[PDB]
Amino acid sequence: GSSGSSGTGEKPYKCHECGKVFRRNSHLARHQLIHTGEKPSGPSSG
Ligand SMILES: [Zn+2]
């Protein structure tokens, strides 16, 4: 229950797959592609 914030602060995401840290979340999203590849949204035949 520790208190005390450093203003706006920050919360950089860290890839648990390899251990690479990223500034924002989006940066990590594209990185995840190297690990997982699930692109359901976007039919080809249909
Ligand atoms: Zn990674």
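Residues numbered from 1 in each chain as written, not as in the entry; some residues may be left out. Heavy atoms only, no water.

Draft legend 1. Geometry of the coordination of the zinc ion. Protein-derived coordination of the zinc ion comes from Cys15 (SG), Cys18 (SG), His31 (NE2) and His35 (NE2), at a distance range of 2.1 to 2.4 Å. Metal-centred angles of 99 to 122° between the 4 donor atoms at the zinc ion mark the site as tetrahedral. Counting gaps between the donor residues of the zinc ion yields the pattern C-x2-C-x12-H-x3-H. Its relative accessible area of 36% is what places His35 among the partly exposed residues. (Donors = N, O, S within 2.8 Å, 3.2 Å for Na, K, Ca; no water. Tetrahedral: all angles 85-135°; square planar, octahedral: opposite > 155°, others 65-115°. Buried < 20%, exposed > 50% of the residue type's maximum accessible area, 1.4 Å probe, protein only.)

Draft legend 2. Expanded view of the side chain of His31. Among the secondary structure elements, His31 is positioned in helix α1 (residues 25–32). The residues contacting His31, other than those within four sequence positions of it, are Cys15, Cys18, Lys20 and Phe22. (Helix = DSSP H or I, 4+ residues; strand = E, 2+ residues; numbered from the N terminus. Contact = heavy atoms within 4.5 Å.)

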